[PDB]
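Colleague:
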Amino acid sequence: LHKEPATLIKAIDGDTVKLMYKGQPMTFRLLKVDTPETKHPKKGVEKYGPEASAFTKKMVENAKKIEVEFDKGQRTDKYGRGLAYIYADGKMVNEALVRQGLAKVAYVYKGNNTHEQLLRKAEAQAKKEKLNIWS
Numbered sequence: 036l037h038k039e040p041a042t043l044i045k046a047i048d049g050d051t052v053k054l055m056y057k058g059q060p061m062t063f064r065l066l067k068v069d070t071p072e073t074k075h076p077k078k079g080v081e082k083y084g085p086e087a088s089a090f091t092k093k094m095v096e097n098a099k100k101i102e103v104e105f106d107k108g109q110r111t112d113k114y115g116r117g118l119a120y121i122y123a124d125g126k127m128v129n130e131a132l133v134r135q136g137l138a139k140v141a142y143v144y145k146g147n148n149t150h151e152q153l154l155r156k157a158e159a160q161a162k163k164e165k166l167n168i169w170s
């Protein structure tokens with residue numbers, strides 16, 4: 036897989052960021068992470084939903100370099116968002132969120148499974164530490 040350069044346009048949610056990619060604005064859904072809701076008709080705002088959003092925002096806004104890394108499977112979801120691993124100064128946002136106990140790993144099954152073990156590792160550790168969503 037390969038990392039492609041991008042520019043932050045706007046942090047949108049814990050699991051979604053808008054970036055300038057290949058010179059055009061595009062919204063990206065972070066692959067394999069399942070964050071708590073912050074804007075949901077039903078249920079509304081889930082616990083740790085705002086914290087997850089704050090974490091992703093701070094991580095991408097403080098980054099000097101943002102990179103997009105598509106996996107081997109489908110590259111866009113039904114809402115037209117690109118499906119990728121997003122990196123901030125070489126650190127993967129998807130993994131950092133999971134490691135902090137601010138997202139669970141999601142099984143998606145559309146051919147995007149490259150970093151499954153890595154994310155499951157971060158997730159088991161956050162759980163062992165009873166961090167945030169695992170507290």
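Quick note, my numbering runs 35 ahead of the 1-based positions in the sequence shown.
From the three backbone atoms N, C-alpha and C, an ideal C-beta is built for every residue, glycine too.
From what residue to what residue does the alpha helix (DSSP H) around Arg-155 run?
Modeller: Within the sequence shown, residue 155 is the residue found at index 120, counting from 1. Where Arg-155 is concerned, the enclosing alpha helix (DSSP H) stretches over 151 to 163.
Colleague: Exposed or buried, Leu-36, counting other C-beta atoms within 10 Å across all chains shown (16 or more means buried)?
Modeller: The residue given as residue 36 occupies position 1 in the sequence shown. With fewer than 16 Cβ atoms within 10 Å of its Cβ, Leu-36 is classed as exposed.
Colleague: Thinking C-beta only, is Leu-43 closer than 9 Å to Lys-53?
Modeller: Here residue 53 refers to the residue found at position 18 when the sequence shown is read from its first residue. Here residue 43 refers to the residue found at position 8 when the sequence shown is read from its first residue. Yes, they are a contact pair.
Colleague: For the beta strand (DSSP E) that contains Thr-62, what are its first and last residues?
Modeller: Numbered from its first residue, the sequence shown carries residue 62 at position 27. Its beta strand (DSSP E) spans residues 59 to 65.
Colleague: State the Cα-Cα distance for the pair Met-127 and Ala-141, rounded to the nearest angstrom.
Modeller: Within the sequence shown, the letter at position 92 stands for residue 127. Within the sequence shown, the letter at position 106 stands for residue 141. Each residue's Cα considered, the two are about 16 Å apart.
Colleague: Going by C-alpha distance, which of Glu-104, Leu-153 and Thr-73 is nearest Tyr-120?
Modeller: The count along the sequence shown starts at 1 and reaches residue 120 at position 85. Nearest C-alpha to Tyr-120: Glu-104.
Colleague: Quick one: give me the first and last residue of the beta strand (DSSP E) that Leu-43 is part of.
Modeller: Within the sequence shown, residue 43 is the residue found at index 8, counting from 1. Run containing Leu-43: 39 to 48, per the beta strand (DSSP E) assignment.
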